[PDB]
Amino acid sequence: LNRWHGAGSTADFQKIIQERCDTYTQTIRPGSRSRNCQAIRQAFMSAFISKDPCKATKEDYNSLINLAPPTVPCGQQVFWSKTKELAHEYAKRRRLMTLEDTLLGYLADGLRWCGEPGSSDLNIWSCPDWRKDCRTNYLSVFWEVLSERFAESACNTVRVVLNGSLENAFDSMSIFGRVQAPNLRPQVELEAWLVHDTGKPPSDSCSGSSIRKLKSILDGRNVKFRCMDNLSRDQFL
């Protein structure tokens, strides 16, 4: 059970998911119809429990995603890469939604989970690491599937918060670069904001090499691109 190279499952995973579901559905974003959180938790567990944790497929999450698809109103989506804290504060203030503001994203944010064949329990010792063990693991596949659907459903103007205090604000291998940007629909307009740390000069900008790669992706998607830069965390918020 301790054979993997990543940290083990969040031990109270089931309780945490269900509690977050209650908070989300009742307190944060109550919906047009009720959703049963026990059933959502049950579907989450069933996706991965008692399975080879290195044989995860997108299909395994079909039932779960169908119970709570990560869709948001047009013009209200926020994407981010390497700017977790900033992007979520920005989204909170402007009443916008990141992936972590969707039901399933809110449930899963910051958690780890995996199973073991022949066992009905979470593996709390270790779980597959995406580098050292396998990319076809249940944590990575969940976030890719969720990211795909989140990106696919974007409409009108979307925003991405990128880190202007890094050498490369755009990382082609990030989930944003690999899964989200390539799945935006034509006629979406994407605005990128390259935001730097207060009191520090930016390390990347809209005229840099990494942004060229992003524009290349978006041009092929027929996604309009407007890139802003040279602003600090304070100016952005």
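Numbers follow the displayed sequence, beginning with 1.
Comparing 139-147 with 124-132, the stretch with the higher mean C-alpha B-factor in the PDB entry is 124-132. For the pair 17-25 and 219-227, the mean B factor over Cα atoms is greater in 219-227. Of all the options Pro30, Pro202, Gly199, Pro69, the entry's greatest CA B-factor is assigned to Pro30. The residue among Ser46, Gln38, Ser63, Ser207 whose C-alpha atom has the highest B-factor in the PDB entry is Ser207. Placement of the Cα temperature factor of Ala56 within the chain: middle third of the modelled residues, per the deposited record. Annotation for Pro117: CA B-factor lies in the highest third of the chain's modelled residues.
Per the deposited record, the Cα B-factor of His88 falls in the middle third when ranked against the other modelled residues of its chain. Per-chain ranking of the deposited C-alpha B factor places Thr98 in the lowest third.
Per the deposited record, the Cα B-factor of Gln42 falls in the lowest third when ranked against the other modelled residues of its chain.
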